[PDB]
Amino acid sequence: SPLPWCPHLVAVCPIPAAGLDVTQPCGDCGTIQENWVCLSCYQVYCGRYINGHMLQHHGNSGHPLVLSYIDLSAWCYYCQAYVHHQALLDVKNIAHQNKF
């Protein structure tokens, strides 16, 4: 199971009214693969197995929690774990509707 809570959920920000585009490419390298969206600032960057731009974004912003456009899991870089909570249901659901 993911963690049912983490102390960084307070940094999850409201979903843009434009919604989410789960096919949006990495904002740095343009890859279509393994992208995540930041749940603070809603920038999209690639995963560790591509070019690691979301990890870079975490390092230079401190933003904690990111949502996968592959499986709609949410990862906290500080807690080094997946997290699921009601504060994440709306954003997951918007991504699920856009994806599927």
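Numbers for residues come from their place in the sequence shown, where the first is 1.
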Averaging C-alpha B-factors over each stretch, which comes out higher, 17 to 25 or 73 to 81?
17 to 25
CA B-factor placement of residue 94, once the chain's modelled residues are sorted into thirds
highest
Rank-wise, by C-alpha B-factor, drop residue 31 into the lowest, middle or highest third of its chain.
middle
Taking the C-alpha B-factors as the PDB entry records them, is residue 51 in the lowest, middle or highest third of its chain?
middle
